[PDB]
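Trainee: Sharing a structure here in structure tokens format.
Here, each number is a calculation from the coordinates, and none is a lab measurement. All Cβ positions, even for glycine, are placed from backbone atoms using ideal geometry, and neighbour counts span all protein chains on display.
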Amino acid sequence: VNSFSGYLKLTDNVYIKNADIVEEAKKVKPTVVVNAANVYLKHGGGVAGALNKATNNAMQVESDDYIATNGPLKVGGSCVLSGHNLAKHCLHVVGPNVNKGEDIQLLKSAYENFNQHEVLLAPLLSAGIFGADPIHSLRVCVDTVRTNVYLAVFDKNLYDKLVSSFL
Ligand SMILES: CCC(CC)(CO)Nc1ncnc2[nH]ccc12
């Protein structure tokens with residue numbers, strides 16, 4: 001039993017809700033919140049910009065030190081950093097950005113990072129400003145993640161379409 005509330009159960013391990021991931025994290029304080037990161041950990045917009053804003057830019061400060069030490073992530077890769085006031089940890093995961101021409105096949109690799117954590121609060125990878133089809137992202141999530149994932153979909157209209165079209 002966990003404290004995630006109001007989710008629709010899609011499969012044995014995948015759950016979904018129309019919610020703002022920032023407000024969900026602040027309520028649940030999960031062990032792991034997933035950020036829709038880029039390889040430079042520049043949290044300017046989308047989910048990343050919203051999470052970073054909620055940390056009063058502490059996420060960005062920590063991220064800049066991470067990059068200065070380690071260099072950029074790989075597309076499809078991840079790193080674990082602090083969750084600041086939102087969660088114990090933040091798993092920064094880089095899905096491909098279609099608006100940069102990046103290979104969509106890397107979306108499966110991106111979701112594989114979730115399997116290193118027993119329970120996660122997450123967005124749909126490569127959705128929103130990353131330019132991929134959120135329906136496809138949900139399919140890859142369900143077919144790749146084996147640990148317990150709670151998906152927050154900000155747009156109410158998109159959520160209803162994801163639910164209604166889910167096979
Ligand atoms: C902008 C698209 C979407 C769904 C509304 C997923 O790709 N992005 C988010 N999904 C969950 N929580 C969010 N908070 C701020 C943005 C955001």
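Trainee: Neighbouring Cβ atoms within 10 Å as the yardstick, rank 126, 137, 3, 82 fewest first. It would help to have the intermediate numbers written out before the result.
Mentor: Numbers: 126 27, 137 24, 3 8, 82 15.
Going from least to most buried by this count: 3, 82, 137, 126.
Trainee: Separate question: For the chain, just list the percent of Cα-Cα distances falling in each 5 Å bin from zero outward, please.
Mentor: 2, 9, 20, 24, 23, 14, 6, 2, 0
Trainee: Can you give the alpha-carbon Rg of segment 105-157 over 2.2 N^0.38 Å, where N counts its residues?
Mentor: Values: Rg = 10.6 Å, N = 53, 2.2 N^0.38 = 9.9 Å.
Relative to the rule-of-thumb radius for its length, segment 105-157 sits at 1.06.
Trainee: Spelling out what I want: for every residue of segment 118-123, take phi, set θ = phi - 60°, compute 6.51 cos²θ - 1.76 cosθ + 1.60 (Karplus), and round to whole Hz; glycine and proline get x.
Mentor: The phi angles translate into 5, 9, 9, 9, 8, x Hz.
Trainee: Sticking with this structure for a sec: What are the ³J(HN,Hα) couplings of segment 153-167, residue after residue, when phi is run through the Karplus curve with 6.51, -1.76, 1.60 and θ = phi - 60°? Round to Hz, x for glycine and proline.
Mentor: Using θ = phi - 60°, the values come out as 10, 5, 7, 5, 4, 5, 4, 4, 5, 4, 5, 5, 9, 6, 9 Hz.
Trainee: Follow-up. What ranking do 158, 151 get, fewest neighbouring Cβ atoms within 10 angstrom at the top? Before the final figure, lay out each step's value.
Mentor: Working: 158 16, 151 29.
In increasing order of surrounding Cβ atoms, one gets 158, 151.
Trainee: Would you work out the relative contact order for segment 38-167, in percent, from Cα pairs under 8 angstrom that are 6 or more residues apart?
Mentor: Values: 182 pairs, mean separation 24.6, N = 130.
Relative contact order of segment 38-167: 19 percent.
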